[PDB]
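Take a look at this single chain, the form deposited in one PDB entry, given in structure tokens.
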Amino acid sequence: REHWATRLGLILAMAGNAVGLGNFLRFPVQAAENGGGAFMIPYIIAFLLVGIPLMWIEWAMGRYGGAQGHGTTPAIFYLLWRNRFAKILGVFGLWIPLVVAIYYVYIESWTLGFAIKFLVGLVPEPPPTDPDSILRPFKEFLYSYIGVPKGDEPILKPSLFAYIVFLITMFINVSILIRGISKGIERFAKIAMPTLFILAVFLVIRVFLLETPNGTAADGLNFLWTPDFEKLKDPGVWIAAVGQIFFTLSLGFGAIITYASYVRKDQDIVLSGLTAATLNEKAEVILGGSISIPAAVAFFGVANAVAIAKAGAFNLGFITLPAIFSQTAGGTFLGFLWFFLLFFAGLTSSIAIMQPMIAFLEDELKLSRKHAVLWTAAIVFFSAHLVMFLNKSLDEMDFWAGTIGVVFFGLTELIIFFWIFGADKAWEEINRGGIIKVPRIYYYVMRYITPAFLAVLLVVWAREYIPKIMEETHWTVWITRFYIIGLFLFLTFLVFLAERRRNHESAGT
């Protein structure tokens, strides 16, 4: 079995897994919608009670499974819990990352397409001036790229350029993954993360120089970092914060687990895990947090920036920021650096969420890496056509897998590892080989606090928010639900085939 070559490569790869579109696109919108500073208190608490503990748990499960030649949850869950039901629940650790990949790589492809067009200056030119005469050209630019419906039919019509760029993005993901863990993902991480970090710091600096009659970047910062103890009572904020914590750390994706399955049995996961998690948080609250919001607030003021963020999920990153930049010297090139940053942030994440499927085909069905990577790419590529052509399909997939799914799976994996497998066996398994030990307090956090935290969260989520969303949707949501349910059935069938092959090889030898 492959292993990470160096500890640095391991850290940077795990950091690249975590640090992605979530830091630069998702986090700003989440924080903005939920009151900025008001969002941060629950966010910080979530990182301490959920983010950190689950990270260690997933590193441990991965290293544990890897030692026995298994990198994905269908098998790993079965190792911790000898029950057929464990294999079925383990399917989510293939399904979630696959479904997420199906829309994530497409969004990643947009960042590359924009980077290219901004580089070559093939971008809209606003009139040299109300705020809308400047934004509109950029809205139309995005709308033409992805092909937003101009009529009543829920159908998207992406440009030829967007389509070809998606193919190129898939090709780029494949070229890295096909070279494996050490020579592929690890090598690229060593190049991608430093580059990523530099671009971000530069962008932060540039943004900090923004000033208009409407305000400064500093106004944005104070909005994000001013505690609002009155919102800490609203369940919606807590749900938003925990959801972002999950998505941001790649928890519940089965991705941290699969990566960790390439960590040597004895190699530390305590300090490495904590480091990777801390790296992500810095990139998120310091880098991601200091770019979009402050730029928006500088040009529009707090109130307007919040409305923009609430307007859409891609408004701030694909429309508003480039529009703002176009009003500054060298702004088109600054737009390029922004989208190039997003692309590298996307790329190092998409390889992470596709690897679980790759590891499964290799580990359980004994496919060569080449075949495992190509077939995986083929499923993601084909499935992505639903996201490219059906309006809101992306939203539906992001909800069931990337929102509900990850939290459900986080709770599931904790229960299995800390409750069923044994709290003391899990605790010892996490600390084994540790350069440092986990503080004793975290034993009771993991065993009692985290699970109770997630369970209550899911319930309150279930009672007050899921009924509204389920009942009010357009009928086309069922197309996506139907398809991704079929995907789960498909993966269940593969796990079944894997156990058959296993039983045959066992009797044969």
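Note that residue numbering follows the sequence shown and begins at 1. If you superpose the two forms and keep the largest set of C-alpha atoms that fall within 1.5 Å, you have the rigid core.
J.: With neighbours modelled on both sides, does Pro128 go without coordinates in a third or more of the other PDB entries compared?
T.: Yes.
J.: Among other entries of this protein with both neighbours modelled, does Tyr465 go without coordinates in a third or more of them?
T.: Across the other compared entries, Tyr465 is absent from at least a third.
J.: Does the deposited sequence hold unmodelled residues between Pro128 and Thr129, and if so, how many: none, 1 to 3, 4 to 9, or 10 or more?
T.: Gap size class: 1 to 3 residues without coordinates, per the record.
J.: Going by the average Cα B-factor in the PDB entry, point out whether 117 to 125 or 231 to 239 comes out higher.
T.: If you average the C-alpha B-factors of 117 to 125 and of 231 to 239, the larger mean comes out for 231 to 239.
J.: Please work out which of 417 to 425 and 167 to 175 has the higher mean CA B-factor as recorded in the PDB entry.
T.: Result: 417 to 425.
J.: Sorting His385, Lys392, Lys370, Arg432 by Cα temperature factor from the record, which one lands on top?
T.: Largest recorded C-alpha B-factor: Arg432.
J.: According to the deposited entry, which of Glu362, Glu396, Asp132, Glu108 has the largest Cα B-factor?
T.: Going by the entry's C-alpha B-factors, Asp132 comes out highest.
J.: Taking only the Cα B-factors deposited for this chain, tell me whether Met40 sits in the lowest, middle or highest third.
T.: Highest third, going by the recorded CA B-factors of the chain.
J.: In terms of the chain's CA B-factor thirds, is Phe208 lowest, middle or highest?
T.: Highest third.
J.: Place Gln267 in the lowest, middle or highest third of its chain's C-alpha B-factors, as listed in the PDB entry.
T.: It falls in the top third of the chain.
J.: Pull the Cα B-factor of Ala401 out of the PDB entry and bin it into the chain's lowest, middle or highest third.
T.: It falls in the bottom third of the chain.
J.: Lowest, middle or highest third of the chain for the C-alpha temperature factor of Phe161?
T.: As the PDB entry reports it, the C-alpha B-factor of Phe161 lands in the middle third of its chain.
This protein has a second form, the form deposited in another entry, left out of what is shown; the following refers to that one.
J.: Select from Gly433, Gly121, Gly236, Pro194 the only position whose Cα moves 2 Å or more between this form and the one not shown when the core is aligned.
T.: Once the cores are aligned, the residue moving by 2 Å or more is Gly236.
J.: Core-aligned, is the CA shift for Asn34 between this form and the one not shown 2 angstroms or more?
T.: Yes, its C-alpha moves 2 Å or more.
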